[PDB]
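Positions are given from 1 along the sequence. Every number for a ligand or one of its atoms is a count from 1 in the order of the listing.
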Amino acid sequence: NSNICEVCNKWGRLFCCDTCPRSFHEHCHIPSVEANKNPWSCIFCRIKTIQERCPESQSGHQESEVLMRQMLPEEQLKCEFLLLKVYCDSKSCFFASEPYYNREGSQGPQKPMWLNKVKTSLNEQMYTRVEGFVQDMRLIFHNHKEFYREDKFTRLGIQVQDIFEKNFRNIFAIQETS
Ligand SMILES: [Zn+2]
Ligand SMILES: [Zn+2]
Ligand SMILES: [Zn+2]
């Protein structure tokens with residue numbers, strides 16, 4: 001097993017996966033690492049098993065169809081993993097916790113949004129369809145672009161959105177296009 005957390009790359013109190021070498025802090029894993037369960041398989045392993053059970057699930061899909069899917073267990077898992085893939089990037093620190101807005105020449109967004117809120121919303125089964133989760137994720141970066149205007153800090157939103165989008169296309173097997 002690895003000696004650092006797969007998500008935040010720090011050591012500490014780690015839980016080790018039984019079917020791959022990854023390790024996690026308790027609340028870095030999504031869902032939070034489960035109390036008992038021996039053996040325990042991490043989210044990377046669980047996502048791999050889905051693909052292996054249904055190889056055809058990797059054929060291309062239309063985003064419109066993906067977004068309308070109900071949040072049954074497999075889609076819940078895939079959103080959890082996509083969220084985890086965003087937290088894996090260190091630049092997600094900017095978007096994790098509840099923002100506040102007081103900048104000359106800018107007004108705060110009408111609907112603030114942040115990663116820990118999406119995390120809670122997933123944990124509490126508040127999204128009925130994939131679209132709900134994706135909309136809140138995209139709102140995080142859209143709010144940031146709008147607020148920071150021409151400050152070069154806007155680029156952090158572009159960068160972390162790019163990570164989200166690449167992973168969304170990968171996890172949900174979106175049809176590749178030019
Ligand atoms: Zn961690
Ligand atoms: Zn694993
Ligand atoms: Zn099959």
Side-chain angles (χ1 to χ4, degrees), residues 1-36 38-99 113-125 129-130 133 136-137 140-141 144 156-157 159-176:
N1 285 114
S2 189
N3 311 326
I4 57 172
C5 177
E6 190 81 358
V7 178
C8 74
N9 302 111
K10 297 292 193 292
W11 174 71
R13 185 55 192 117
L14 303 178
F15 302 82
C16 284
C17 185
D18 289 311
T19 51
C20 76
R22 304 174 171 93
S23 305
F24 307 84
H25 299 95
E26 181 171 11
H27 300 313
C28 282
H29 197 271
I30 305 176
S32 295
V33 172
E34 298 75 5
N36 209 284
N38 321 48
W40 176 74
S41 266
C42 83
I43 193 166
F44 291 83
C45 285
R46 299 172 67 191
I47 289 287
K48 192 207 302 301
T49 296
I50 302 323
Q51 286 169 25
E52 285 181 349
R53 290 180 161 151
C54 286
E56 65 271 31
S57 70
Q58 302 161 265
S59 294
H61 301 77
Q62 298 297 114
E63 178 178 311
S64 62
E65 176 268 325
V66 170
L67 298 182
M68 292 313 305
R69 301 180 187 164
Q70 298 177 20
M71 291 285 257
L72 293 184
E74 293 195 337
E75 308 306 315
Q76 173 78 32
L77 194 71
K78 279 175 178 211
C79 292
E80 298 164 340
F81 188 53
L82 177 46
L83 184 54
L84 178 137
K85 288 286 194 163
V86 174
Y87 283 100
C88 290
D89 195 281
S90 60
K91 290 156 179 285
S92 73
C93 70
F94 296 110
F95 301 106
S97 79
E98 186 173 5
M113 194 46 62
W114 60 98
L115 295 169
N116 292 343
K117 190 175 167 60
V118 180
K119 183 178 283 197
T120 295
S121 296
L122 269 174
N123 176 242
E124 288 174 7
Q125 298 158 312
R129 287 174 199 269
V130 172
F133 164 84
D136 282 349
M137 294 292 289
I140 299 175
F141 313 115
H144 177 100
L156 273 297
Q159 290 174 320
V160 180
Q161 182 156 16
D162 196 41
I163 298 300
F164 174 73
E165 294 299 339
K166 281 178 193 277
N167 281 282
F168 173 70
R169 292 194 300 271
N170 181 260
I171 292 166
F172 288 89
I174 295 293
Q175 175 57 55
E176 287 274 293

Hey, does the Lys NZ or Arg CZ of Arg13 hover above the aromatic six-ring of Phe15, less than 6.0 Å from the centre and inside 45° of the axis? yes
Kindly confirm or rule out a cation-pi arrangement of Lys85 over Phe168, judged by NZ or CZ under 6.0 Å from the six-membered ring centre and within 45° of its axis? no
Measure from the Zn ion (ligand 1) to every N/O/S atom of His25 and report the name of the nearest one. ND1
SG (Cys20) to the Zn ion (ligand 2) to SG (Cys42) angle, given to the nearest 10 degrees: 100°
If you stand at the Zn ion (ligand 1) and look out to SG of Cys28 and SG of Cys5, what angle do those two lines make, to 10°? 110°
Establish, for the pair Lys78 and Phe172, whether the NZ or CZ atom is under 6.0 angstrom from the six-membered ring centre and no further than 45 degrees off its axis. yes
Just by modelled atom types, is the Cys88 backbone N or O under 3.5 Å from a matching donor or acceptor in the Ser92 side chain? no
